Amino acid sequence: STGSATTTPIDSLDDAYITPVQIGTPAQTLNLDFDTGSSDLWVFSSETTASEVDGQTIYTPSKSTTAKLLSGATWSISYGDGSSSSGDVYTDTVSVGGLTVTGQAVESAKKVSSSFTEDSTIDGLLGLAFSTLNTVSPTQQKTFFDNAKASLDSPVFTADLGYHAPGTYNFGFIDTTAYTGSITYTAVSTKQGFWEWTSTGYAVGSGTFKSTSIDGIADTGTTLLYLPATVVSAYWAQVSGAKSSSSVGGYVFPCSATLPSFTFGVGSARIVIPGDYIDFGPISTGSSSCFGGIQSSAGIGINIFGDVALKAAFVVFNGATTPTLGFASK
């Protein structure tokens, strides 16, 4: 089997991407944030505290003939941005782009943090990291990908995120028309439950490439590119007037600037992030100070190749017995 679904930016900045997901019988379609940095499929639901729902589409398990309460199971998650959610669990039929899993754990939110409530466009998350990170207790549950894997033509999914435009998540096949050149594959460590890999270096604009190992995670659920302070300082040093602002919470730059590109290494290959991808617009409405798309990972504890980086590439998440990651230009 295979599946193919379009993923769409939630706003003009590509702050996140939503992908329609069919849950239950008859189908209830929710727009979920596919997140390769977590492993829970959770949704706004009929059980979510009413004051914490503001415009989202909810899953109502009582209206699904295939929903079954997973007796005794609860979940609770906290994300790197400080947001969180928790609730109980059903199993139900879940389909993504024509690919169907029966018996998928669908984690129903009873509580969500303000960040989630305030974002009307995201009806939940669909985790695509390794199932060892799944938070369901007392019986840990598998991700949608893990459940689908054995049925897929090939045990892979791909992320092809657009810049200010829709893109695609495919399951079970590699669309050879979706990228240019060849895909370069690189080793993955699953020890922390993430798609963790080591970039071979970076360049700023037309500058020379610096060969240096940068361990980080491929995370579709993080907006920006978070890298070591040395790397980030070298980037922003090439932008006149750019500075790190403690009050704002990262590097800002004059909105009048033209940003240089940023290149990262994948083995001997190179992925180029155009400068425009690094512009996240005014810090507040009407400001001439703009927020940078490359930020320091210091104090996160891990480097994160988020959407800013991933959207410059066609990315293969290879869930073979020994997982790997592939990157191609596009």
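Laboratory data are not the source of any read-out in this text; all were calculated from the coordinates shown. Using ideal geometry, Cβ is built from the backbone for each residue, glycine included, and neighbour counts are taken over all protein chains shown.
Summary of computed values
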{"item": "Fully extended contour minus Cα-Cα distance, from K330 to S62, at 0.36 nm per residue", "result": "92.1 nm"}
{"item": "Estimated distance in nm for a label pair at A320 and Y163, the labels positioned 7 Å out from Cα along Cα-to-Cβ", "result": "3.1 nm"}
{"item": "Charge dipole (debye, nearest 20) of the chain; +1 at Cβ of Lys and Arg, -1 at Cβ of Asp and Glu", "result": "640 debye"}
{"item": "Helix-only [θ]222 nm of the chain, DSSP H runs n ≥ 4, -39500 (n - 2.57) each, per residue, nearest 500", "result": "-1500 deg cm²/dmol"}
{"item": "Computed label-point distance, nm, for sites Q238 and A257 using a 7 Å Cα→Cβ extension", "result": "1.2 nm"}
{"item": "At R0 = 51 Å, FRET efficiency that the Cβ-Cβ distance of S113 and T180 yields, to 0.05", "result": "0.80"}
{"item": "Backbone N within the range 71-99 under 14 Å of label point (7 Å from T49 Cα along the Cβ vector)", "result": "77, 84-88"}
{"item": "Ordering of 252-263, 16-27, 172-183 by burial proxy (mean other Cβ atoms within 10 Å per residue, highest first)", "result": "16-27, 252-263, 172-183"}
{"item": "Contact order normalised by residue count of the chain, Cα under 8 Å, 6+ apart, percent", "result": "19 percent"}
{"item": "Cα convex hull of the range 5-174 - mean projected area over all directions, nm²", "result": "9.2 nm²"}
{"item": "The chain pair-distance distribution - Cα-Cα, 20 Å bins, rounded %", "result": "32, 57, 11"}
{"item": "Span from the the range 182-249 Cα centroid across to the the range 122-160 one, whole angstrom", "result": "25 Å"}
{"item": "Amide proton proximity set for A16, modelled H, under 5 Å, gap of 5+", "result": "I10, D11"}
{"item": "Contact order relative to length of the range 26-125, as percent, for alpha carbon pairs under 8 angstrom and 6 or more apart", "result": "38 percent"}
{"item": "Across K111/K243; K110/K243; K142/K210; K210/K311, pairs whose alpha-carbon gap is larger than 31 Å", "result": "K111/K243; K110/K243; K142/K210"}
{"item": "Segment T100-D276, length gained on full extension (0.36 nm per residue, minus Cα span)", "result": "59.6 nm"}
{"item": "Over the range 125-182, relative contact order from alpha-carbon pairs under 8 Å, at least 6 apart, %", "result": "23 percent"}
